[PDB]
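> Structure of the sequence below:
(one chain, ligands or ions: 2)
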Amino acid sequence: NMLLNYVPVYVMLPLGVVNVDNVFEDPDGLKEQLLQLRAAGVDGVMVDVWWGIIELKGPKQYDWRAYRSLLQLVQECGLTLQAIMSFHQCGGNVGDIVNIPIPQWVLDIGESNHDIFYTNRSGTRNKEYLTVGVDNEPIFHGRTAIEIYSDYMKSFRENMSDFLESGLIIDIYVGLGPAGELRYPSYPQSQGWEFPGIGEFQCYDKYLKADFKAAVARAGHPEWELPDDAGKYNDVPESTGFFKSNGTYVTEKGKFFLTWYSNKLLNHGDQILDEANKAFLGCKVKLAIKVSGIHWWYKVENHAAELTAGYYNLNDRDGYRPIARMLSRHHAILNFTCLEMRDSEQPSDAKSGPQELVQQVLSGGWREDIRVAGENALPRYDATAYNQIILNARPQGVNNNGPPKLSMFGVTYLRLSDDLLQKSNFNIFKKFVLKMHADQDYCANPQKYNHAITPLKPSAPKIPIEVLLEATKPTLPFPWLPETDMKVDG
Ligand SMILES: OC[C@H]1O[C@H](O[C@H]2[C@H](O)[C@@H](O)[C@H](O)O[C@@H]2CO)[C@H](O)[C@@H](O)[C@@H]1O
Ligand SMILES: OC[C@H]1O[C@@H](O)[C@H](O)[C@@H](O)[C@@H]1O
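Numbers count the residues shown, from 1 in each chain. Ligands and ions are numbered 1, 2, ... in the order given. Sharing the structure here:
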């Protein structure tokens with residue numbers, strides 16, 4: 001039955017639906033919008049549960065009231081929810097139209113210890129996320145950063161227990177860095193970065209620097225230092241000593257640094273996912289993380305932007321599959337945040353390959369046998385964008401004999417706004433939803449299309465780093481159709 005080819009569609013709620021004062025501002029306004037989504041056949045919505053808003057007053061001073069009111073409304077409108085444990089700041093990234101800092105009390109600590117923030121070679125501290133360097137440092141009034149995230153999720157679980165039991169919350173997204181993605185803040189607009197700048201390494205805080213020097217010493221090279229020839233945010237790879245042909249990134253020193261730099265993210269993600277598994281154990285929900293889609297410079301040997309962001313991906317080294325393997329022990333979903341783009345839409349000098357990047361990442365996920373989800377990176381309302389998303393959702397088309405051999409677990413659309421609801425735009429969107437659903441009407445029971453959710457089980461045993469890095473072995477991607485068989489048209 002066609003229903004087996006059905007891929008659910010979710011929509012992101014506006015940023016700031018509950019303001020920085022922890023007040024659910026416009027319920028009536030949101031209700032009307034939500035009801036229109038319900039009529040269009042949308043399966044559910046996604047929302048940020050901001051750490052900076054809930055634990056503002058002080059350590060363990062949680063106020064969940066406004067968010068309970070929001071969840072209540074969403075449930076009344078017949079929609080499911082994907083909740084993001086947003087441990088990051090809203091404001092310094094593309095599209096951020098509102099400012100939501102991390103808890104003020106954490107910022108107060110940062111005043112007397114600036115090293116809790118990601119730092120670039122120039123000494124600039126980024127305050128949108130806590131460096132991975134303090135994950136296990138008990139400097140936050142007795143707690144470590146990971147313990148803070150852990151307590152936050154447990155409190156969420158207990159205070160929203162009634163919504164979890166009623167099946168409202170379907171996915172639990174755990175923020176792992178800037179914009180909630182597992183990556184370093186290598187391309188900060190707030191510091192002047194501009195597409196397609198290569199970005200900068202963000203490992204200069206005293207904690208990461210100390211770890212690196214200890215590590216190089218154990219490797220027999222205590223003289224080794226952090227990169228000093230990688231350039232600046234807006235540089236191009238060829239104008240740097242680190243990323244040029246036969247440059248530093250290809251030397252033993254460079255490869256050691258790059259492995260070290262990227263391994264820190266794998267462990268950061270693995271440890272926090274461990275805490276997430278414990279906090280939601282037994283609940284009927286799935287865990288998920290977000291991986292950023294850095295398509296610029298993907299078409300040159302150095303993959304500069306990817307490397308500075310923490311994804312050690314080269315033509316001969318798969319820097320994404322090991323993340324997929326790490327997610328398997330947690331039975332988690334890998335969400336790729338950039339699926340609507342086409343190569344021909346990028347300036348030629350950016351050397352972008354978003355289409356090839358998507359195929360690499362999704363194939364790696366299916367290869368490791370984990371579920372893969374996604375979102376569009378930029379606001380799009382045209383058919384060609386929707387058709388590109390539909391192609392990646394079922395790379396080899398629909399199957400009339402049963403389920404597709406390959407299909408994404410779901411797609412979340414960015415974002416809910418008045419432009420989307422504009423008559424003509426919404427008209428196209430409704431066709432998009434219909435095609436994602438494979439021409440079938442909205443289906444309320446996820447079980448009908450093999451999307452039933454079982455109680456979350458404890459994570460499988462810890463996979464050693466050496467076994468994780470075995471997944472760096474390059475593999476051929478799965479075959480992709482040139483265009484989807486379920487077009488929206490135009
Ligand atoms: O509300 C979700 C997050 O939205 C933004 O980040 C987006 C980014 O704009 C988009 O290109 C990509 O596809 O997904 C990320 C994360 O979903 C905000 O900057 C974040 O603060 C929000 O968490
Ligand atoms: O953040 C920089 C952004 O600039 C915009 O003008 C482009 O259209 C986006 O593709 C790009 O991501």
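
> So which bits of this protein are right by ligand 2?
Neighbours of ligand 2 within the chain, by CB under 6 Å from any ligand atom: 94, 195, 378. Just so you know, the C-beta spots here come from the backbone N, C-alpha and C atoms, and that holds for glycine as well.

> rerun that using 8 Å as the cut-off
With CB under 8 Å from any ligand atom as the criterion, the chain meets ligand 2 at residues 94, 187, 189, 194, 195, 346, 377, 378.

> Which of those residues are buried? Put it as a ChimeraX command.
Applying 16 or more other CB atoms under 10 Å to the residues of the chain next to ligand 2, the buried members can be selected in ChimeraX as follows:
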select :187,346,377
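
> Dump the residues of the chain next to ligand 2 into a markdown table; add secondary structure as well.
Output for these, formatted as a markdown table (DSSP: H, G, I helix; E, B strand; the rest coil):
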| residue | secondary structure |
| --- | --- |
| 94 | coil |
| 187 | coil |
| 189 | helix |
| 194 | coil |
| 195 | coil |
| 346 | coil |
| 377 | coil |
| 378 | coil |
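
> Can you pull up the residues of the stretch 151-300 of the chain that come close to ligand 1?
Going by CB under 8 Å from any ligand atom, the residues of the stretch 151-300 of the chain near ligand 1 are 175, 179, 180, 181, 290, 292, 293.

> Tell me the one among the residues of the chain next to ligand 2 nearest to ligand 1.
The closest of the residues of the chain next to ligand 2 to ligand 1 turns out to be residue 377 (CB to the nearest ligand atom; 3.9 Å).

> I'd like to know which of the residues of the stretch 151-300 of the chain next to ligand 1 are buried.
Here, 16+ other CB under 10 Å leaves 175, 179, 180, 181, 290, 292, 293 buried among these.

> Just give the nearest non-adjacent residue to the last one, would you?
Right, the one you point to is residue 293. residue 338 (2.7 Å; CB to CB, 6 or more residues apart in numbering).

> do you know how far the one you found is from residue 398?
From residue 338 across to residue 398, the span is 24 Å (CB to CB, to the nearest Å).

> Then residue 437?
In terms of CB to CB, residue 437 sits 11 Å off from residue 398.

> and these two? which has more neighbours close in?
For residue 437 versus residue 398, neighbours defined as other CB atoms under 10 Å are more numerous around residue 437 (22 against 19).

> Tell me, how many residues neighbour the closest residue to the more buried one other than its chain neighbours?
For residue 437, ignoring the flanking residues on the chain, the nearest one in space by CB to CB, 6+ apart is residue 6 at 5.2 Å. Applying other CB under 10 Å, we find 25 residues neighbouring residue 6.

> which phi and psi does residue 6 have?
phi -70, psi 120 (degrees, to the nearest 10).

> Do I have it right that it meets residue 441?
No. Look at residue 6 against residue 441 with CB atoms under 8 Å: they stay out of range, at 10.0 Å.

> Just the buried residues of stretch 229-238, please?
Counting neighbours by 16+ other CB under 10 Å, stretch 229-238 gives 230, 231, 232, 233, 235, 236, 237 as buried.

> Nearest to ligand 1 among those residues?
residue 233 (18.2 Å).

> Let me know the helix or strand that the closest one is in.
Residue 233 belongs to no helix or strand when assigned by DSSP states H and E.

> from what I can see it touches residue 202, true?
No. Using CB under 8 Å, residue 233 makes no contact with residue 202, being 10.8 Å away.

> so what's the residue nearest to residue 74 when sequence neighbours are not counted bridging to?
Nearest residue to residue 74 in three dimensions, chain neighbours excluded: residue 81, at 5.6 Å (CB to CB, 6+ apart). Counting by DSSP bridges, residue 81 forms beta bridges with residue 45, residue 169.

> Please tell me how far residue 73 sits from ligand 1.
Separation of residue 73 from ligand 1 (CB to the nearest ligand atom, to the nearest Å): 18 Å.

> Quick check on residue 133: phi, psi?
Residue torsions, per degrees, to the nearest 10, at residue 133 are phi -60, psi -20.

> again, but for residue 241
Per degrees, to the nearest 10, the backbone of residue 241 is at phi -80, psi -30.

> Thank you, goodbye.
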